[PDB]
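The next block holds one structure in the form of structure tokens; read it before the comments.
Only heavy atoms go into these numbers, but all of them, side chains included; no hydrogens, no water, no symmetry mates. All residue numbers refer to positions in the sequence shown, counting from 1. First listed ligand is number 1; within each ligand, the first listed atom is number 1.
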Amino acid sequence: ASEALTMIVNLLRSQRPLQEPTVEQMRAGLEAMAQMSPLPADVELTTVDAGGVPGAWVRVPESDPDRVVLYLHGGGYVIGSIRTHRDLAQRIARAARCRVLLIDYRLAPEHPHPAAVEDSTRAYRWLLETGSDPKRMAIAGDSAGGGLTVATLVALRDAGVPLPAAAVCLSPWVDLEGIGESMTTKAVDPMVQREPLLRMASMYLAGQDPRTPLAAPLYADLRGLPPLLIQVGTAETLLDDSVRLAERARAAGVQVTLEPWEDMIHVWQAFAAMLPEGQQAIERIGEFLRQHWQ
Ligand SMILES: COc1ccc2cc([C@@H](C)C(=O)O)ccc2c1
Ligand SMILES: COc1ccc2cc([C@@H](C)C(=O)O)ccc2c1
Ligand SMILES: COc1ccc2cc([C@@H](C)C(=O)O)ccc2c1
Ligand SMILES: COc1ccc2cc([C@@H](C)C(=O)O)ccc2c1
């Protein structure tokens with residue numbers, strides 16, 4: 001892997017807090033980390049009300065406005081914002097030559113499950129309402145937002161809503177009990193530890209069964225989902241979330257591409273400004289999306 005990978009891993013290991021962070025400290029910490037990736041001058045961000053869910057359109061000069069990704073940010077269903085994920089969104093808009101609708105879906109512990117899935121499905125329905133064509137749409141997201149991408153598809157399908165052309169999961173989180181083999185064997189992963197992840201799961205579930213399918217889509221019915229790209233790093237505690245998801249989706253007849261990136265860490269694409277493999281993974285997202293929009 002690139003020398004940049006070892007630099008990022010060493011920085012993250014050195015900066016991990018010595019006391020369990022509060023929700024406020026985690027939100028502020030991620031906002032601080034995301035402010036170090038500055039927004040290129042050619043990115044246009046437009047604040048919008050996505051049918052009752054706050055959002056921002058993200059586009060670049062080469063964006064085809066008829067092509068839309070609904071982007072669901074990560075953060076354990078507890079942290080993250082339009083500001084934390086706007087760099088990943090603009091990189092995807094640029095590679096996929098599309099616009100991205102980034103939504104500020106409701107977060108736990110203030111708004112437990114199923115508020116996040118209510119917001120993602122409402123935003124998608126609003127895109128169809130305002131004239132977006134499912135054949136030129138995709139849903140994408142990272143970690144919690146990768147889990148929420150699968151849950152959103154399941155919930156739309158069950159409601160009889162037309163599904164988009166494709167979906168993209170970046171290091172998806174689909175097992176809210178952390179019982180994947182890698183959630184032990186990969187403990188090489190400086191940003192996802194079992195205990196804090198299960199703390200975020202507890203806040204999202206608010207006493208609901210940790211196998212509730214729209215919260216933990218490892219237990220959802222995935223039949224009829226559109227083509228799925230899963231990008232995951234081999235140095236991830238969530239590796240076996242992506243492996244188990246691919247297995248389940250393929251068994252349900254979904255056209256799955258599982259891309260395991262050797263030695264990559266959790267949502268390495270978020271570090272694309274300085275990590276070559278992060279930009280290379282985002283170019284591959286753009287290629288996958290344009291292939292399914294043809
Ligand atoms: C800047 O470097 C880090 C690295 C890992 C982190 C992990 C957490 C959470 C999951 C935690 O440790 O409870 C928070 C901040 C962090 C900051
Ligand atoms: C326990 O107290 C802390 C101390 C530092 C923290 C830093 C972060 C940021 C930088 C992060 O998310 O990486 C978050 C929570 C934190 C909590
Ligand atoms: C450098 O900029 C970032 C921006 C967002 C990030 C988000 C994550 C996790 C919490 C996520 O997938 O939401 C990690 C690193 C990140 C780095
Ligand atoms: C505490 O650990 C880190 C490590 C790498 C980081 C890289 C970025 C920028 C340059 C990025 O690649 O987007 C920001 C925060 C970071 C925090």
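- Hydrophobic clustering, with ILVMFWY side chains joined whenever heavy atoms are under 4.5 angstrom apart, groups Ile230 together with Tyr219.
- When ring centroids are compared, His111 and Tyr105 stay outside the 6.0 Å threshold.
- Residues satisfying the salt bridge (charged side-chain N to carboxylate O under 4.0 Å, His left out) test with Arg194, not counting sequence neighbours, are none.
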Check each N or O atom of ligand 4 against all protein N or O atoms and list the pairs under 3.5 Å, with atom names and distances to 0.1 Å, one per line.
{"unit_1": "ligand 4", "atom_1": "12 (O)", "unit_2": "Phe271", "atom_2": "O", "d": "3.3"}
{"unit_1": "ligand 4", "atom_1": "13 (O)", "unit_2": "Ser37", "atom_2": "OG", "d": "2.7"}

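- Each of the following atoms of ligand 2 lies closer than 4.0 Å to a heavy atom of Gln19: 1 (C).
- Around atom CD of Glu181, no more than 12 heavy atoms belonging to other residues, nucleotides or ligands sit under 6.0 Å away.
- Of the heavy atoms in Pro21, both backbone and side-chain atoms come closer than 4.0 Å to ligand 2.
- Contacts between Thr84 and ligand 3, counted as non-hydrogen atom pairs separated by less than 4.0 Å, involve the backbone only.
- When all heavy atoms of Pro260 and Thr234 are compared, the pair lying nearest together is CB-CG2, 4.0 Å.
- At least one N or O atom of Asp142 sits closer than 3.5 Å to an N or O atom of ligand 3.
- Counting the atoms of ligand 3 from 1 in the order shown, those under 4.0 Å from a heavy atom of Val267 are 12 (O).
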Would you be so kind as to tabulate the donor-acceptor pairs closer than 3.5 Å made by side chains of residues 41-48, with sequence neighbours excluded?
{"unit_1": "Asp42", "atom_1": "OD1", "unit_2": "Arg94", "atom_2": "NH2", "d": "3.0"}
{"unit_1": "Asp42", "atom_1": "OD2", "unit_2": "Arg94", "atom_2": "NH1", "d": "2.9"}

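- A donor-acceptor contact closer than 3.5 angstrom links the side chains of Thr121 and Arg125.
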N/O donor-acceptor pairs under 3.5 Å from side chains in residues 145-154, not counting sequence neighbours:
{"unit_1": "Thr149", "atom_1": "OG1", "unit_2": "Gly141", "atom_2": "N", "d": "3.3"}
{"unit_1": "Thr149", "atom_1": "OG1", "unit_2": "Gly145", "atom_2": "O", "d": "2.8"}
{"unit_1": "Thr152", "atom_1": "OG1", "unit_2": "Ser120", "atom_2": "OG", "d": "2.6"}
{"unit_1": "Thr152", "atom_1": "OG1", "unit_2": "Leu148", "atom_2": "O", "d": "2.7"}

